[PDB]
Structures are given as structure tokens and as C-alpha cells.
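Participant: part one of the complex, untouched from its place in the assembly:
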Amino acid sequence: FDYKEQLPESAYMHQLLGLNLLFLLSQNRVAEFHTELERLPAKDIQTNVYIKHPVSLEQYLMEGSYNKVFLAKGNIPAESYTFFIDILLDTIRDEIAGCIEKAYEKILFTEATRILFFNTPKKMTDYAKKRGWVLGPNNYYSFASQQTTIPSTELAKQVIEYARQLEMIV
């Protein structure tokens, strides 16, 4: 990006730019991902495949088609985009877990397995052994049910502040 004029065009560049974009997706640094996209040329995002593929992956992820982003594993423009797809898989499962967190009161084991793609069912305890929202596998897992007092001290602080500002000579 610095010495564009003096240096000549690097044909072996967009592959790495897309690789870095995919790495940003995997690490879940969406802000940096979009700053990088803004730095990139507008035309390339559509003309090229190396940049367009990470762009499409993030588009699917931010649209919410987790099935589509999973299915988009196969279309790897180059082999370099490998193991970043796996970190991205971990990040996708974490995001799905966050959806289950902030929503989905009272979820069950079979639907959780179907939705939040776990490994083999004998390993189904994964993310309950680690993320572990005190699940309490009460057969149904209850989602552990994870999700009235006057703040008189704070309100008195505010009211005394009003009185202070009214009574100060200034």
C-alpha cells in the first residue's frame, strides 16, 4: 500500500490480501476486516476471486446463512486458504453459541446438536465442558435458564448534585 507508484504491480498479491482477510474473519476482527476492504480497490472486490471469496464468506456470515458459509468451504481459490477455514469454523460455532446465549430460552440437546454443529454425538458434551453455561443437562438441558430495588444512593447523589449546582455562587 505504501509505494504503489514506484513499485510495479504484484500479480502474487491479491491471493495474500484475501488470505489476510480470511484470517481476520477467523479471528473475528470484523472492524479490521472492513477497514482492509475499504483500503482495497473497489473494482477488485468483484472482479477478483481471491478477494471476493473472503468477502462472500463474511457476507454470508453477517447475513446469517451459517449453512451457506459452511457449504462455502469447498470453493477455496487457492490451497493457502486452509486452517483459516478451520479457525473460522471455530468462530462460527462461537457465534452460534452466542446466539443461543442471548436468545433461545430453554433449548434441547438434539436440536442443539443439529443447529450448533458439534462433533460425533459421543463428543456432544463439547462446548458444555468448555463454554458450559451451567447447562445442567436436565435431560432437556433447560438452557440452565441463563439470561425492583430503588437505587436510593445513586438518586440521592444526583439530587445532591442538582442542589450543589443550584447553590454554588457562579
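Facilitator: That came through fine. Residues are numbered from 1 along each chain as shown, chains lettered A, B, ... in the order given.
Participant: I'd say residue A:20 and residue A:39 touch.
Facilitator: No. Applying C-beta atoms under 8 Å as the test, residue A:20 and residue A:39 come out as separate, 10.8 Å apart. Any C-beta I mention is one placed from the backbone N, CA and C, and that applies to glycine too.
Participant: Who has more neighbours out of these two?
Facilitator: residue A:20 (16 against 9; other C-beta atoms under 10 Å).
Participant: Where does residue A:159 fall, secondary structure wise?
Facilitator: Taking DSSP states H and E as the criterion, the element that holds residue A:159 is helix A:152-167.
Participant: So which elements touch that helix?
Facilitator: Using 3 or more C-beta pairs under 8 Å, 6 or more residues apart in numbering; DSSP states H and E as the contact test, no helix or strand touches helix A:152-167.
Participant: what does the top helix by length along chain A rub up against?
Facilitator: Among the segments of chain A that qualify as a helix by DSSP state H, the longest is helix A:84-102. Contacting residues not belonging to helix A:84-102 are listed as A:19, A:22-23, A:25-28, A:57, A:61, A:66, A:69-70, A:73, A:76, A:107, A:112, A:115-117, A:127, A:131, A:133, A:143, A:146 [C-beta atoms under 8 Å, 6 or more residues apart in numbering].
Participant: again, only this time at 7 Å
Facilitator: Residues outside helix A:84-102 that contact it (C-beta atoms under 7 Å, 6 or more residues apart in numbering) are A:22-23, A:25-26, A:28, A:61, A:66, A:69, A:73, A:107, A:115-117, A:127, A:131, A:133, A:146.
Participant: List buried residues within those.
Facilitator: A:22, A:23, A:25, A:26, A:28, A:61, A:66, A:69, A:107, A:116, A:127 (16 or more other C-beta atoms under 10 Å).
Participant: Report the separation between the closest residue to the fifth one other than its chain neighbours and residue A:163.
Facilitator: What that stands for is residue A:28. Nearest non-adjacent residue to residue A:28, counting by C-beta to C-beta, 6 or more residues apart in numbering: residue A:91, 5.0 Å away. Here residue A:91 is placed at a distance of 52 Å from residue A:163 (C-beta to C-beta, to the nearest Å).
Participant: include chain B too:
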Amino acid sequence: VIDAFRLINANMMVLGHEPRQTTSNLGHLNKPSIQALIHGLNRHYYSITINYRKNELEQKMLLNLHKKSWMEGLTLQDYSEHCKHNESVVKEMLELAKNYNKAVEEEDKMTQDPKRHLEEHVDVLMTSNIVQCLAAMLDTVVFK
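Facilitator: Alright, chain B goes in next:
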């Protein structure tokens, strides 16, 4: 309205000498009363200056007279009466706001009581509402 006095000897006044010596500025700074003048303040007697010896203990005992109780300090105004007073004063302040709008408009088109009354009303509203809000907060905390 209290006043001390002493008589002037009949000889001294006629002798031209003043009834009382004057060696210092103390003693003056007192305006003699017109009633005393017309009844002969300086012709037969003279007004002595009255000072009061106030001790700190005596002053504190005097203060005990109207000293407020911690009860009345921590007590709350009747809430229905408070709401009625707030509504009344807010309506009065509305009327003064209309008056003050017309006053500013007319004065600035041809180039006070409304502004002053409105300031007084806003002051009373603020003080009363803030005092009761804080008293309620303190009660809720302290009494549990």
C-alpha cells in the same frame, strides 16, 4: 426600643459646658429619637449607649428556643399537598411564561415583573421538589 438616660445638672448646661465630655468616637453613632428630642433629650438628661453582654452558652440556650428537631429535619411533606402545590405553582409559572413572552416580544419590537416573578417561582419549585426528593431517598435508605 430600650434606652438608658442620666440627668444633666442644671448648672453645667447654663455654664456653656457640654453635658458630657467627648474623648472618643465611641458613644456616638446613635441617632437620637425625635420623641426624645421634643421631650427634651439633651436639655435635662442624655442618652447613654446600651450594650449587651451575650455569652456563648446563653446564645446556645436561646437558640434552643426555635431549634428544629431531627424529626422535622428528616420528615416528609404530605404528598397530596406537595402535588397540589406543584400543580398550582406550575400553572402560575405558565401564566408568567405567557406574560414574559409577550413582554420580551413587545420590548424587542419597540426597541422586569414577569421575569422576576418567574425566577422566584422557578426557585421555589426547584428547592421544594429537590428537598422532598432527597428526603424520600434518605428515608428509603436509612429506614431499611
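Participant: same question on the contacts of helix A:84-102, but now with chain B added
Facilitator: Residues outside helix A:84-102 that contact it (C-beta atoms under 7 Å, 6 or more residues apart in numbering or on different chains) are A:22-23, A:25-26, A:28, A:61, A:66, A:69, A:73, A:107, A:115-117, A:127, A:131, A:133, A:146.
Participant: Could you do stretch A:150-166 as well?
Facilitator: Stretch A:150-166 is contacted from outside by B:126, B:130, B:133, B:134, B:137, B:138, B:140, B:141, using C-beta under 7 Å, 6+ apart.
Participant: Provide a list of residues in contact with the last one.
Facilitator: The reference is to residue B:141. A:152, A:153 are the contacts of residue B:141 under C-beta under 7 Å, 6+ apart.
Participant: If we use 10 Å, what do you get?
Facilitator: A:150, A:152, A:153, A:155, A:156 (C-beta atoms under 10 Å, 6 or more residues apart in numbering or on different chains).
Participant: ok, and for the helix or strand harbouring it, which residues are buried?
Facilitator: Under DSSP H and E, the secondary-structure element containing residue B:141 is helix B:113-142. Buried residues in helix B:113-142, counted by 16 or more other C-beta atoms under 10 Å in any protein chain shown: B:114, B:117-118, B:121, B:125, B:129, B:132-138, B:140.
Participant: restrict those residues to contacts with chain A.
Facilitator: Checked against chain A using C-beta under 10 Å from any C-beta of the partner chain, the buried residues of helix B:113-142 yield the following neighbours: B:129, B:132, B:133, B:134, B:135, B:136, B:137, B:138, B:140.
Participant: Leaving out the residues flanking it, which one is nearest to the fourth one?
Facilitator: Pointing back at residue B:134 there. Closest residue in space to residue B:134, ignoring its immediate chain neighbours: residue A:159 at 4.6 Å, by C-beta to C-beta, 6 or more residues apart in numbering or on different chains.
Participant: Pull the number of nearby residues for the one you found.
Facilitator: Residues lying near residue A:159 (other C-beta atoms under 10 Å in any protein chain shown) number 20.
Participant: So which residues on chain B come close to chain A?
Facilitator: So chain B meets chain A at B:123, B:126-127, B:129-142, B:144 (C-beta under 10 Å from any C-beta).
Participant: run the last query once more with 6 Å
Facilitator: Residues of chain B lying close to chain A (C-beta under 6 Å from any C-beta of the partner chain) are B:130, B:133, B:134, B:137, B:140, B:141.
Participant: Distance to residue B:7 added to those, as CSV?
Facilitator: Formatted as CSV, those follow (distance: C-beta to C-beta, whole Å):
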residue, distance to residue B:7
B:130, 60
B:133, 64
B:134, 61
B:137, 66
B:140, 69
B:141, 68
